[PDB]
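Text of input-v7.txt (compact mmCIF, C-alpha atoms and all ligand atoms) as supplied:
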# COMPACT_ATOMS: atom_id res chain seq x y z
CA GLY U 447 -23.23 -39.27 -12.85
CA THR U 448 -24.55 -36.33 -10.81
CA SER U 449 -25.14 -35.76 -7.04
CA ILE U 450 -28.04 -33.77 -5.55
CA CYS U 451 -28.12 -31.53 -2.44
CA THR U 452 -30.22 -32.35 0.67
CA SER U 453 -33.52 -30.64 1.51
CA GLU U 454 -31.77 -29.17 4.60
CA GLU U 455 -28.91 -27.85 2.43
CA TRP U 456 -30.93 -25.67 0.05
CA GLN U 457 -33.48 -24.51 2.68
CA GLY U 458 -30.62 -23.34 4.90
CA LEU U 459 -29.16 -21.29 2.01
CA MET U 460 -32.58 -19.77 1.34
CA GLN U 461 -32.43 -18.35 4.86
CA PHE U 462 -28.89 -16.85 4.64
CA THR U 463 -28.17 -13.13 5.00
CA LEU U 464 -24.78 -11.58 4.09
CA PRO U 465 -23.26 -9.89 7.19
CA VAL U 466 -23.39 -6.13 6.57
CA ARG U 467 -19.61 -5.44 6.71
CA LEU U 468 -19.10 -7.90 3.85
CA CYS U 469 -21.34 -5.99 1.39
CA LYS U 470 -18.73 -3.24 1.00
CA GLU U 471 -15.84 -5.75 0.70
CA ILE U 472 -17.36 -8.07 -1.90
CA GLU U 473 -17.37 -5.25 -4.51
CA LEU U 474 -13.58 -5.01 -4.53
CA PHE U 475 -11.38 -6.98 -6.96
CA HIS U 476 -8.90 -7.98 -4.23
CA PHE U 477 -11.63 -9.50 -1.97
CA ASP U 478 -10.58 -12.93 -0.69
CA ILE U 479 -13.39 -15.33 0.10
CA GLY U 480 -10.96 -17.60 2.06
CA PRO U 481 -11.88 -16.65 5.67
CA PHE U 482 -15.66 -17.03 5.12
CA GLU U 483 -16.23 -20.64 4.09
CA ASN U 484 -19.71 -21.12 5.68
CA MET U 485 -20.83 -18.07 3.68
CA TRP U 486 -19.64 -19.08 0.18
CA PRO U 487 -23.01 -20.26 -1.14
CA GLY U 488 -24.66 -17.11 0.26
CA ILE U 489 -21.95 -14.94 -1.28
CA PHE U 490 -22.90 -16.40 -4.64
CA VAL U 491 -26.64 -15.74 -4.14
CA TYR U 492 -25.79 -12.18 -3.09
CA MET U 493 -23.75 -11.60 -6.24
CA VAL U 494 -26.44 -12.98 -8.55
CA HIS U 495 -29.04 -10.82 -6.82
CA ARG U 496 -26.93 -7.63 -7.05
CA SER U 497 -25.87 -8.22 -10.65
CA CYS U 498 -29.01 -9.82 -12.09
CA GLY U 499 -31.74 -8.76 -9.60
CA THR U 500 -33.54 -10.61 -6.81
CA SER U 501 -36.24 -11.74 -9.29
CA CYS U 502 -33.85 -13.14 -11.95
CA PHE U 503 -34.19 -16.69 -10.64
CA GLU U 504 -36.83 -18.47 -8.58
CA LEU U 505 -35.04 -18.54 -5.21
CA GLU U 506 -35.76 -22.19 -4.38
CA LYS U 507 -34.47 -23.44 -7.75
CA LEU U 508 -31.36 -21.16 -7.44
CA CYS U 509 -30.53 -22.48 -3.94
CA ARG U 510 -31.08 -26.10 -5.09
CA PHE U 511 -28.83 -25.50 -8.11
CA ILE U 512 -26.08 -23.89 -6.00
CA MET U 513 -26.01 -26.58 -3.34
CA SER U 514 -25.99 -29.37 -5.97
CA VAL U 515 -23.14 -27.61 -7.85
CA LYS U 516 -21.17 -27.53 -4.52
CA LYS U 517 -21.80 -31.25 -4.05
CA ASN U 518 -20.41 -32.00 -7.53
CA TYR U 519 -17.03 -30.40 -6.87
CA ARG U 520 -14.62 -33.07 -5.53
CA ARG U 521 -12.35 -32.83 -2.47
CA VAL U 522 -9.23 -32.05 -4.52
CA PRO U 523 -6.56 -29.55 -3.39
CA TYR U 524 -7.24 -26.78 -5.96
CA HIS U 525 -10.01 -27.41 -8.56
CA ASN U 526 -12.69 -27.43 -5.91
CA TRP U 527 -15.69 -25.50 -4.55
CA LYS U 528 -13.45 -22.70 -3.15
CA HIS U 529 -11.91 -22.13 -6.60
CA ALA U 530 -15.43 -22.07 -8.20
CA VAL U 531 -16.68 -19.32 -5.87
CA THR U 532 -13.42 -17.29 -6.18
CA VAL U 533 -13.69 -17.33 -9.99
CA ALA U 534 -17.37 -16.30 -9.82
CA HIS U 535 -16.50 -13.41 -7.47
CA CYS U 536 -13.85 -12.12 -9.88
CA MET U 537 -16.52 -12.24 -12.63
CA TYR U 538 -18.96 -10.35 -10.41
CA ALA U 539 -16.36 -7.58 -9.87
CA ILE U 540 -15.64 -7.37 -13.59
CA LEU U 541 -19.40 -7.20 -14.38
CA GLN U 542 -20.13 -4.57 -11.66
CA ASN U 543 -17.41 -2.36 -13.05
CA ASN U 544 -18.55 -2.86 -16.68
CA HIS U 545 -22.27 -3.56 -16.11
CA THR U 546 -23.95 -2.02 -19.15
CA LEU U 547 -21.48 -3.57 -21.65
CA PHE U 548 -23.25 -6.87 -20.93
CA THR U 549 -26.82 -7.95 -21.31
CA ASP U 550 -28.89 -9.39 -18.45
CA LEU U 551 -28.69 -12.81 -20.19
CA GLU U 552 -24.88 -12.63 -20.42
CA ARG U 553 -24.48 -11.58 -16.76
CA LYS U 554 -26.57 -14.42 -15.48
CA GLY U 555 -24.92 -16.87 -17.90
CA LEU U 556 -21.40 -15.77 -16.96
CA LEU U 557 -21.91 -15.92 -13.18
CA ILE U 558 -23.33 -19.44 -13.57
CA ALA U 559 -20.59 -20.44 -16.03
CA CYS U 560 -17.91 -19.34 -13.49
CA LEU U 561 -19.52 -21.29 -10.67
CA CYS U 562 -19.74 -24.39 -12.91
CA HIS U 563 -16.61 -24.15 -14.93
CA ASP U 564 -14.53 -26.85 -13.18
CA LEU U 565 -17.41 -29.14 -12.15
CA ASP U 566 -16.31 -32.72 -11.28
CA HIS U 567 -12.60 -31.95 -11.77
CA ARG U 568 -10.59 -35.00 -10.61
CA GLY U 569 -7.25 -33.23 -10.12
CA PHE U 570 -5.80 -34.35 -13.47
CA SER U 571 -4.88 -32.21 -16.47
CA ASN U 572 -5.97 -32.56 -20.11
CA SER U 573 -2.33 -33.57 -20.72
CA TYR U 574 -2.72 -36.58 -18.44
CA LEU U 575 -6.13 -37.74 -19.84
CA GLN U 576 -4.81 -37.60 -23.36
CA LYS U 577 -1.35 -39.10 -22.71
CA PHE U 578 -3.04 -42.04 -21.08
CA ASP U 579 -6.17 -42.41 -23.25
CA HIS U 580 -8.69 -41.84 -20.48
CA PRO U 581 -12.23 -42.47 -21.90
CA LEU U 582 -12.97 -38.74 -21.56
CA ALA U 583 -10.17 -38.06 -24.07
CA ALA U 584 -11.89 -40.43 -26.53
CA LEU U 585 -15.26 -38.68 -26.03
CA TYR U 586 -13.82 -35.14 -26.11
CA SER U 587 -10.83 -34.94 -28.43
CA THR U 588 -9.93 -31.32 -27.59
CA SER U 589 -10.57 -29.23 -24.41
CA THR U 590 -11.30 -32.54 -22.76
CA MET U 591 -12.08 -31.58 -19.19
CA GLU U 592 -13.81 -28.36 -20.22
CA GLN U 593 -16.28 -30.23 -22.43
CA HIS U 594 -16.85 -32.47 -19.40
CA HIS U 595 -17.47 -29.50 -17.07
CA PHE U 596 -20.11 -28.22 -19.52
CA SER U 597 -21.77 -31.59 -19.71
CA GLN U 598 -21.92 -31.68 -15.88
CA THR U 599 -23.48 -28.23 -15.84
CA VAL U 600 -26.25 -29.38 -18.23
CA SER U 601 -26.73 -32.53 -16.10
CA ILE U 602 -27.31 -30.47 -12.97
CA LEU U 603 -29.74 -28.07 -14.70
CA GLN U 604 -31.77 -31.10 -15.86
CA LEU U 605 -32.19 -32.33 -12.24
CA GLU U 606 -35.78 -32.01 -10.95
CA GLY U 607 -36.34 -28.49 -9.53
CA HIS U 608 -32.85 -27.38 -10.59
CA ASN U 609 -33.48 -25.59 -13.90
CA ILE U 610 -32.90 -21.96 -13.09
CA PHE U 611 -33.27 -21.01 -16.76
CA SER U 612 -36.69 -22.53 -17.45
CA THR U 613 -38.48 -19.15 -17.33
CA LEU U 614 -36.47 -17.74 -20.28
CA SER U 615 -37.99 -17.50 -23.82
CA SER U 616 -37.30 -20.62 -25.92
CA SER U 617 -34.76 -18.61 -27.92
CA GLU U 618 -33.10 -17.09 -24.81
CA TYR U 619 -32.70 -20.55 -23.25
CA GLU U 620 -30.67 -21.61 -26.28
CA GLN U 621 -28.70 -18.37 -26.21
CA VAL U 622 -27.75 -18.70 -22.51
CA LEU U 623 -26.68 -22.33 -22.75
CA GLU U 624 -24.44 -21.21 -25.67
CA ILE U 625 -23.02 -18.34 -23.63
CA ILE U 626 -22.24 -20.91 -20.87
CA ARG U 627 -20.73 -23.46 -23.26
CA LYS U 628 -18.41 -20.95 -24.97
CA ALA U 629 -17.43 -19.47 -21.56
CA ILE U 630 -16.55 -22.85 -20.07
CA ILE U 631 -14.63 -24.00 -23.18
CA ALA U 632 -12.71 -20.73 -23.07
CA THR U 633 -11.21 -21.70 -19.65
CA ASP U 634 -9.02 -24.15 -21.60
CA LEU U 635 -5.70 -22.24 -21.41
CA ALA U 636 -4.65 -23.91 -24.65
CA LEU U 637 -7.21 -21.60 -26.34
CA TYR U 638 -6.15 -18.54 -24.33
CA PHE U 639 -2.92 -17.95 -26.32
CA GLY U 640 -4.78 -17.58 -29.65
CA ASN U 641 -7.63 -15.58 -28.14
CA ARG U 642 -5.40 -13.03 -26.40
CA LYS U 643 -3.29 -12.61 -29.57
CA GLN U 644 -6.46 -12.00 -31.71
CA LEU U 645 -7.86 -9.55 -29.17
CA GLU U 646 -4.59 -7.61 -28.88
CA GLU U 647 -4.52 -7.24 -32.69
CA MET U 648 -8.19 -6.16 -32.81
CA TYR U 649 -7.55 -3.63 -30.06
CA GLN U 650 -4.28 -2.26 -31.50
CA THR U 651 -5.74 -1.88 -35.03
CA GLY U 652 -8.93 -0.34 -33.67
CA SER U 653 -11.14 -3.01 -35.29
CA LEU U 654 -12.40 -4.29 -31.93
CA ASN U 655 -16.19 -3.92 -31.89
CA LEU U 656 -18.43 -5.16 -29.11
CA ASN U 657 -21.54 -5.06 -31.41
CA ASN U 658 -19.84 -7.93 -33.35
CA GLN U 659 -20.81 -11.26 -31.76
CA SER U 660 -17.50 -12.93 -32.56
CA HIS U 661 -15.61 -10.07 -30.86
CA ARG U 662 -17.98 -10.23 -27.84
CA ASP U 663 -17.32 -13.98 -27.62
CA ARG U 664 -13.58 -13.36 -27.56
CA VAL U 665 -13.84 -10.64 -24.90
CA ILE U 666 -15.96 -12.94 -22.73
CA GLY U 667 -13.35 -15.66 -23.30
CA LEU U 668 -10.58 -13.43 -21.97
CA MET U 669 -12.77 -12.44 -18.96
CA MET U 670 -13.06 -16.15 -18.26
CA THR U 671 -9.28 -16.59 -18.27
CA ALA U 672 -8.84 -13.52 -16.09
CA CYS U 673 -11.35 -14.85 -13.53
CA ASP U 674 -9.92 -18.41 -13.68
CA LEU U 675 -6.41 -17.14 -12.91
CA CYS U 676 -7.43 -14.48 -10.36
CA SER U 677 -5.49 -16.06 -7.49
CA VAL U 678 -2.57 -14.14 -9.02
CA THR U 679 -4.44 -10.88 -8.38
CA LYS U 680 -4.88 -11.31 -4.62
CA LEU U 681 -2.63 -9.98 -1.88
CA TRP U 682 0.69 -11.89 -1.84
CA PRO U 683 0.01 -14.24 1.12
CA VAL U 684 -3.27 -15.34 -0.46
CA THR U 685 -1.59 -15.85 -3.85
CA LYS U 686 1.19 -17.89 -2.22
CA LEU U 687 -1.16 -20.10 -0.25
CA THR U 688 -3.24 -20.78 -3.35
CA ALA U 689 -0.09 -21.73 -5.23
CA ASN U 690 0.56 -24.39 -2.54
CA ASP U 691 -2.80 -25.95 -3.40
CA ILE U 692 -2.24 -25.76 -7.18
CA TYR U 693 1.08 -27.59 -6.77
CA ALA U 694 -0.38 -30.24 -4.44
CA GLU U 695 -2.55 -31.26 -7.41
CA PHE U 696 0.22 -31.05 -9.92
CA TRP U 697 2.54 -33.20 -7.75
CA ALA U 698 -0.14 -35.89 -7.20
CA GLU U 699 -0.46 -36.09 -11.00
CA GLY U 700 3.28 -36.31 -11.54
CA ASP U 701 3.40 -39.15 -8.97
CA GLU U 702 0.95 -41.10 -11.17
CA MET U 703 3.04 -40.51 -14.31
CA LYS U 704 6.19 -41.92 -12.70
CA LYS U 705 4.33 -45.25 -12.11
CA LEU U 706 3.36 -45.37 -15.80
CA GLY U 707 7.00 -45.00 -16.81
CA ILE U 708 7.00 -41.35 -17.84
CA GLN U 709 9.03 -38.81 -15.93
CA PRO U 710 6.64 -35.86 -15.45
CA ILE U 711 7.33 -32.29 -16.54
CA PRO U 712 9.37 -30.53 -13.80
CA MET U 713 6.24 -28.58 -12.70
CA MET U 714 4.48 -31.79 -11.69
CA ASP U 715 7.54 -33.40 -10.06
CA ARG U 716 7.53 -33.11 -6.26
CA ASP U 717 11.29 -33.73 -6.31
CA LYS U 718 11.80 -30.53 -8.28
CA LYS U 719 10.26 -27.94 -5.92
CA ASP U 720 13.36 -25.71 -6.30
CA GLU U 721 12.18 -24.90 -9.83
CA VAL U 722 8.76 -23.56 -8.67
CA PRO U 723 9.76 -19.83 -8.43
CA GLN U 724 11.16 -19.75 -11.94
CA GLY U 725 8.12 -21.79 -13.07
CA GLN U 726 5.85 -19.08 -11.64
CA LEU U 727 7.90 -16.34 -13.24
CA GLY U 728 7.41 -18.11 -16.61
CA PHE U 729 3.66 -18.47 -16.08
CA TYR U 730 3.26 -14.79 -15.14
CA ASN U 731 5.35 -13.62 -18.11
CA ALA U 732 3.71 -15.95 -20.68
CA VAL U 733 0.12 -16.12 -19.41
CA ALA U 734 -1.00 -13.93 -16.51
CA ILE U 735 0.58 -10.56 -17.26
CA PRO U 736 -0.40 -10.58 -20.98
CA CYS U 737 -3.94 -11.61 -20.00
CA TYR U 738 -4.53 -8.76 -17.53
CA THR U 739 -2.69 -6.30 -19.82
CA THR U 740 -5.06 -6.98 -22.71
CA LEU U 741 -8.10 -7.12 -20.44
CA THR U 742 -7.21 -3.69 -18.98
CA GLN U 743 -6.89 -2.24 -22.50
CA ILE U 744 -10.35 -3.49 -23.44
CA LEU U 745 -12.00 -2.93 -20.06
CA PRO U 746 -10.18 -0.05 -18.31
CA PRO U 747 -11.98 -0.51 -14.95
CA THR U 748 -10.24 -3.92 -14.60
CA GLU U 749 -6.89 -2.23 -14.11
CA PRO U 750 -6.54 -3.22 -10.44
CA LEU U 751 -6.25 -6.87 -11.56
CA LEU U 752 -3.21 -6.00 -13.66
CA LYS U 753 -1.63 -3.91 -10.86
CA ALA U 754 -2.00 -6.79 -8.41
CA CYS U 755 -0.63 -9.33 -10.88
CA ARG U 756 2.41 -7.12 -11.43
CA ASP U 757 2.92 -6.84 -7.65
CA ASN U 758 2.85 -10.65 -7.37
CA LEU U 759 5.27 -11.05 -10.23
CA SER U 760 7.59 -8.73 -8.26
CA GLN U 761 7.20 -11.03 -5.22
CA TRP U 762 8.15 -14.17 -7.14
CA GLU U 763 11.19 -12.22 -8.38
CA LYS U 764 12.05 -11.53 -4.70
CA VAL U 765 11.76 -15.23 -3.95
CA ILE U 766 14.15 -16.04 -6.80
CA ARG U 767 16.74 -13.53 -5.48
CA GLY U 768 16.40 -15.11 -1.96
CA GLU U 769 14.69 -12.06 -0.47
CA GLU U 770 11.44 -13.76 0.79
CA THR U 771 10.39 -13.21 4.45
CA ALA U 772 8.51 -15.66 6.70
CA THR U 773 5.74 -17.68 5.03
CA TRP U 774 3.08 -19.76 6.81
CA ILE U 775 1.94 -23.18 5.57
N1 LIG Q 801 -0.72 -19.86 -10.68
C1 LIG Q 801 -0.53 -20.74 -11.59
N2 LIG Q 801 0.68 -21.20 -11.99
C2 LIG Q 801 0.55 -22.11 -12.98
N3 LIG Q 801 1.53 -22.72 -13.54
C3 LIG Q 801 -0.81 -22.25 -13.24
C4 LIG Q 801 -1.49 -23.05 -14.16
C5 LIG Q 801 -2.88 -22.94 -14.17
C6 LIG Q 801 -3.56 -22.08 -13.30
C7 LIG Q 801 -2.88 -21.28 -12.38
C8 LIG Q 801 -1.49 -21.38 -12.37
NI NI Q 802 -10.51 -25.83 -15.70
NI NI Q 803 -10.67 -23.18 -13.06
Let's see the structure in the file written out as structure tokens.
Amino acid sequence: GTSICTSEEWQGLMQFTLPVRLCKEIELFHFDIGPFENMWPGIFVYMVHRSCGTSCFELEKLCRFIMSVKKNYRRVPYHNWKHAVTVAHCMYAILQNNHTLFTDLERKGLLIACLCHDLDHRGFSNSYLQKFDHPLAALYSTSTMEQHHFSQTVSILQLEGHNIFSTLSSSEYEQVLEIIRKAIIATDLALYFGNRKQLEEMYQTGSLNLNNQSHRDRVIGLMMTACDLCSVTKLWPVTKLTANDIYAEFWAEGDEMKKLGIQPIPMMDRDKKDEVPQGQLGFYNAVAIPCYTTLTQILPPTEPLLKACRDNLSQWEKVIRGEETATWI
């Protein structure tokens, strides 16, 4: 099942210090971790310490956990360690801007959930696993990969010296694993459509109440979608480069489907790259823009995410009209 970091790996992280200039930058929604790869594990420790406090976790167990999580992301084009840290940074920015809406247990649970939410992704969609009766689809009949990512998270926590949550009360341990489970399962975009619709209704009717656990769960669910999709909230060149990686995965999957006698959906067909700009327009109109619109209504300080998403939508529209300027691969 699960891989473990080296002694040298975690002890190195324990020693890391975040360059001073980066402290100011990491607070901003639009921050791109891309140019700082050696620092990604340290960036995560920094975020946990700012959000949750330097005493939240025993530092050794936290650095062991982080480096073993990294080792259990695969070398796939998109659903990899870079994506994990990017999603956790978006969650950090949301939490910093909305800090006292969330409990200390939720903040720690959500930062961990974001880091873990795609653990052991193989570069194949739920659609593929289920079309082709992969064993995971037999074990997990809905939200197949997401149930797997949660199981991997639990596996890593159970590794010797890796349980960062062991110091919580017996009740709080149960509560945080549930926070993490619901948060990971919520990253299944199949569930997003229903969740966003429910939230929009709750908000528009004024029945939305964050003292109501089921409402809190739904808000946290939408935060998870917003963080999972946050490549669409970066500056255009970063968004575009990330889209290249997303599609590399999709096209490798479509290649597999051709061999099994199914023509893939256009989005996963490398011979249909001309349809990508309209495909992105559809995704922004149906998924991304509604998501950030609703999130901004519920959490006003998240508005820059929506502004950036709208700017990117405008850029894809420019591509469609043939107005794009030079892009670098
Ligand atoms: N950016 C982007 N486009 C599509 N179609 C996506 C699907 C999942 C996650 C991000 C995506
Ligand atoms: Ni996922
Ligand atoms: Ni993801």
What does the distance between atom CA of residue 495 of chain U and atom CA of residue 482 of chain U come to in Å, to one decimal place? 19.0 Å
Show me, as a tab-separated table, the residues of chain U having an atom within 6 Å of ligand LIG 801 (chain Q), each with the closest atom pair and its distance in Å, using only C-alpha atoms and all ligand atoms.
residue	atom	partner	partner_atom	distance
U:675	CA	Q:LIG801	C7	5.5
U:689	CA	Q:LIG801	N1	5.8
U:726	CA	Q:LIG801	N2	5.6
U:729	CA	Q:LIG801	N3	5.4
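When only C-alpha atoms are used to measure the gap to residue 590 of chain U, the shortest distance among U:632, U:603, U:746, U:621 belongs to U:632.
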Polymer residues at most 12 Å from residue 556 of chain U, all atoms listed in the file, same-chain spacing of 2 or more positions, as a PyMOL selection string: chain U and resi 493-494+497-498+533-541+548-554+558-563+622-630+632+663+666-667+669-670+673
Compile a residue-level contact table for chain U against ligand NI 803 (chain Q) at a cut-off of 7 Å, reporting for every qualifying residue the shortest atom pair and its distance in Å to one decimal, with all atoms listed in the file counted, rows ordered by chain and ascending number, as CSV.
residue,atom,partner,partner_atom,distance
U:525,CA,Q:NI803,NI,6.2
U:529,CA,Q:NI803,NI,6.7
U:530,CA,Q:NI803,NI,6.9
U:563,CA,Q:NI803,NI,6.3
U:564,CA,Q:NI803,NI,5.3
U:633,CA,Q:NI803,NI,6.8
U:674,CA,Q:NI803,NI,4.9
Long-range neighbours of residue 601 of chain U as a list in words, 12 Å cut-off, all atoms listed in the file, 3 positions minimum in chain: residues 447, 448, 449, 450, 511, 514, 515, 518, 562, 565, 566, 594, 595, 596, 597, 598, 604, 605, 606, 608 and 609 of chain U
Under the rule that all atoms listed in the file are counted, which of U:690, U:453, U:651, U:571 is the nearest residue to ligand NI 802 (chain Q)? U:571
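Atom pair atom CA of residue 708 of chain U / atom CA of residue 582 of chain U: separated by 20.5 Å.
Proximity ranking of U:695, U:644, U:519, U:750 relative to residue 599 of chain U places U:519 first, based on all atoms listed in the file.
The coordinates place atom CA of residue 484 of chain U at 15.5 Å from atom CA of residue 466 of chain U.
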Can you take the partial segment 561-579 of chain U, add N, CA and C atoms, and return it as a PDB file, in the coordinates of the input?
ATOM      1  N   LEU U 561     -19.301 -20.376 -11.791  1.00  0.00           N
ATOM      2  CA  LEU U 561     -19.520 -21.290 -10.670  1.00  0.00           C
ATOM      3  C   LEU U 561     -19.355 -22.741 -11.117  1.00  0.00           C
ATOM      4  N   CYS U 562     -19.733 -23.024 -12.364  1.00  0.00           N
ATOM      5  CA  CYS U 562     -19.740 -24.390 -12.910  1.00  0.00           C
ATOM      6  C   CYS U 562     -18.497 -24.797 -13.672  1.00  0.00           C
ATOM      7  N   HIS U 563     -17.549 -23.881 -13.882  1.00  0.00           N
ATOM      8  CA  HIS U 563     -16.610 -24.150 -14.930  1.00  0.00           C
ATOM      9  C   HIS U 563     -15.596 -25.271 -14.712  1.00  0.00           C
ATOM     10  N   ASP U 564     -15.483 -25.784 -13.461  1.00  0.00           N
ATOM     11  CA  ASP U 564     -14.530 -26.850 -13.180  1.00  0.00           C
ATOM     12  C   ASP U 564     -15.275 -28.032 -12.560  1.00  0.00           C
ATOM     13  N   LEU U 565     -16.581 -28.103 -12.819  1.00  0.00           N
ATOM     14  CA  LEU U 565     -17.410 -29.140 -12.150  1.00  0.00           C
ATOM     15  C   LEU U 565     -16.838 -30.552 -12.360  1.00  0.00           C
ATOM     16  N   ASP U 566     -16.746 -31.283 -11.266  1.00  0.00           N
ATOM     17  CA  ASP U 566     -16.310 -32.720 -11.280  1.00  0.00           C
ATOM     18  C   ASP U 566     -14.854 -32.889 -11.735  1.00  0.00           C
ATOM     19  N   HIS U 567     -14.042 -31.854 -11.490  1.00  0.00           N
ATOM     20  CA  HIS U 567     -12.600 -31.950 -11.770  1.00  0.00           C
ATOM     21  C   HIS U 567     -12.030 -33.023 -10.840  1.00  0.00           C
ATOM     22  N   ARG U 568     -11.167 -33.885 -11.384  1.00  0.00           N
ATOM     23  CA  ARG U 568     -10.590 -35.000 -10.610  1.00  0.00           C
ATOM     24  C   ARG U 568      -9.162 -34.754 -10.151  1.00  0.00           C
ATOM     25  N   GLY U 569      -8.631 -33.576 -10.463  1.00  0.00           N
ATOM     26  CA  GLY U 569      -7.250 -33.230 -10.120  1.00  0.00           C
ATOM     27  C   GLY U 569      -6.227 -33.656 -11.173  1.00  0.00           C
ATOM     28  N   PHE U 570      -6.696 -34.005 -12.364  1.00  0.00           N
ATOM     29  CA  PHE U 570      -5.800 -34.350 -13.470  1.00  0.00           C
ATOM     30  C   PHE U 570      -6.013 -33.456 -14.675  1.00  0.00           C
ATOM     31  N   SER U 571      -4.913 -33.142 -15.350  1.00  0.00           N
ATOM     32  CA  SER U 571      -4.880 -32.210 -16.470  1.00  0.00           C
ATOM     33  C   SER U 571      -5.364 -32.850 -17.781  1.00  0.00           C
ATOM     34  N   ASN U 572      -5.711 -32.030 -18.771  1.00  0.00           N
ATOM     35  CA  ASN U 572      -5.970 -32.560 -20.110  1.00  0.00           C
ATOM     36  C   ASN U 572      -4.784 -33.367 -20.615  1.00  0.00           C
ATOM     37  N   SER U 573      -3.562 -32.906 -20.280  1.00  0.00           N
ATOM     38  CA  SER U 573      -2.330 -33.570 -20.720  1.00  0.00           C
ATOM     39  C   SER U 573      -2.309 -35.006 -20.248  1.00  0.00           C
ATOM     40  N   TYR U 574      -2.690 -35.226 -19.001  1.00  0.00           N
ATOM     41  CA  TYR U 574      -2.720 -36.580 -18.440  1.00  0.00           C
ATOM     42  C   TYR U 574      -3.781 -37.483 -19.132  1.00  0.00           C
ATOM     43  N   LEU U 575      -4.995 -36.956 -19.268  1.00  0.00           N
ATOM     44  CA  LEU U 575      -6.130 -37.740 -19.840  1.00  0.00           C
ATOM     45  C   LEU U 575      -5.845 -38.209 -21.239  1.00  0.00           C
ATOM     46  N   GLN U 576      -5.200 -37.334 -22.001  1.00  0.00           N
ATOM     47  CA  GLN U 576      -4.810 -37.600 -23.360  1.00  0.00           C
ATOM     48  C   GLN U 576      -3.552 -38.444 -23.518  1.00  0.00           C
ATOM     49  N   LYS U 577      -2.538 -38.232 -22.676  1.00  0.00           N
ATOM     50  CA  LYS U 577      -1.350 -39.100 -22.710  1.00  0.00           C
ATOM     51  C   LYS U 577      -1.790 -40.524 -22.426  1.00  0.00           C
ATOM     52  N   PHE U 578      -2.697 -40.688 -21.489  1.00  0.00           N
ATOM     53  CA  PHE U 578      -3.040 -42.040 -21.080  1.00  0.00           C
ATOM     54  C   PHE U 578      -4.384 -42.555 -21.573  1.00  0.00           C
ATOM     55  N   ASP U 579      -4.906 -41.953 -22.627  1.00  0.00           N
ATOM     56  CA  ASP U 579      -6.170 -42.410 -23.250  1.00  0.00           C
ATOM     57  C   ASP U 579      -7.285 -42.707 -22.253  1.00  0.00           C
TER      58      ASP U 579
END
